[PDB]
Each structure stands twice: as structure tokens, then as C-alpha cells.
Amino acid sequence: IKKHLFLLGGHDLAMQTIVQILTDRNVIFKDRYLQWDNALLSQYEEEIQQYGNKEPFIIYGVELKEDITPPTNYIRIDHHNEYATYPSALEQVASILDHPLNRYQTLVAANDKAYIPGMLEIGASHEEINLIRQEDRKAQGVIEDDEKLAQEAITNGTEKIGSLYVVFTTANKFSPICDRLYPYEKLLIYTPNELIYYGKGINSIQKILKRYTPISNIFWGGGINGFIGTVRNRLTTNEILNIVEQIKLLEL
């Protein structure tokens, strides 16, 4: 009896796979082609006014920052921060729709939730891993210039302190750097106004970050050894450099 409405956040391979399942199942959904840094619920302010607090409908927000107050019939579909232990939004959406995921889609969910380690743990071949990563990067909107700066940062802006790789870059997208350096146990990528940490012990990284910025500028996911980063242009360069030093001190 309850009718469903899905509002989609930033685009990646999992979000692209969500579009296909929502399309195949005749579901009402809205997709404004958002990126990771503009997935605001206010992007769908018109839809919230139309369907918000209307009785038959349930509104599912898929990885959307709640910059406006959601209505009473709104359900958050997310797997970050305080829900970093939840399955990927792709898995949650398929469960809502009673949709069984095929082999390809299970790989998309595993890579979305837990990268290459996630795909390896459901027995992905080297070819499947390469296919998923290529389509994930393409869905994130990485282009040739992102790959260019990735190779540059690994050759000229990288040092290894213990088990921790530290990469300075002026690149926009960081997934090319992760894929070139995998495998790794710890990876720290920073720009003059942004940093993201990948690998073991994100909670100790979270304790560092909370000494420099409010929690609204911090996001994390992917599990115990997933990722945690800062929102771009929210921290000054000296704040980023201090965090970089504190993260290197954990290697001592």
C-alpha cells in the first residue's frame, strides 16, 4: 500500500547500478546527476515539498546530506559515519525491493563497501576486479587528467613512513592513486585543503581530526580499515599539515 520514492545522491558504480534496478522495477525515482561533494537533500527540495508528509508515500534518500529537515515519511539510506557498518546502499535498496543481486551486482556492492578486499572475499578474479575498478572510476567521473596527476603524485609526492604511504597531490579524484598503490595497509592522501585516510585504524584518525574541526567536516565508511576524510575547503593548509604530522606520529 505504501508507495516508494527514491532520491539519489552522488554518482558512482553502486549508484549507477541502483538506477538500473529502480528503472527495471518501475519505481518512482529522481536522479539529478549529483557528485560526491554535492549530494544534498535540498537538491530535491521540490520533491520533498510534493511528497513530504503525504500519506501513501515513503521517501528514500540514498546517500544524501540532510541540509534541510526531512519530512516524517523520509527514510535515510546510507552506510557512512555512524552507519559505516551497514551494507552498501545498493544492498539496502535491493532488499527494500525484494530484488536478488546477480554476480556482477554483488561485486559492485562489495567494491562499494570494501574496495578490492571486499571483492576478493567473494572470490573475484583479477579480471572482475579490473572491470569493477574501471567502471567505478568512470562512474565517479575520473578522466585522463586525473590519471595523469595520479602518476605524478606517486612518483614525486609520495613517501613511506613505516607502514603508511603519504601522498601530496593537486589531483581532484583520489581513486586513481588508490588503485595504482594497492595493495597497502595505510594510505594518507592530502591536498592543501583536503585529506583522506585509507586503511587500518580509522578511529584513531577520527580522534585526531576531532581535535581540529567539528564532526560535520568529517566523513568515514568502509569498515574498521576503510576510509575517513575531510570535506574539501573546510580546513586551512596549516590545519591539514598538522593533521598529517599527527597521523605520522602514530607510526612511532
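Throughout, we count residues from 1 along the sequence that is shown.
Here 21 to 29 and 229 to 237 are compared by their mean Cα B-factor, and 21 to 29 comes out higher. Look at the mean CA B-factor for 154 to 162 and for 91 to 99 in the entry; the higher one is 154 to 162. Per the deposited coordinates, the residue with the largest Cα temperature factor out of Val167, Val108, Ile75, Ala124 is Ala124. Residues shown: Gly199, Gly223, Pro192, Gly61. Highest C-alpha temperature factor in the entry: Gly223.
For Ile68, the recorded CA temperature factor ranks within the middle third of the chain's modelled residues. Ranked within its chain, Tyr184 lands in the highest third, by CA B factor from the PDB record.
Ranked by C-alpha B-factor against the other modelled residues of its chain, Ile215 falls in the middle third.
Annotation for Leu209: C-alpha temperature factor in the middle third relative to the rest of the modelled chain, per the entry. When the modelled residues of the chain are ordered by C-alpha B-factor, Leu252 sits in the highest third.
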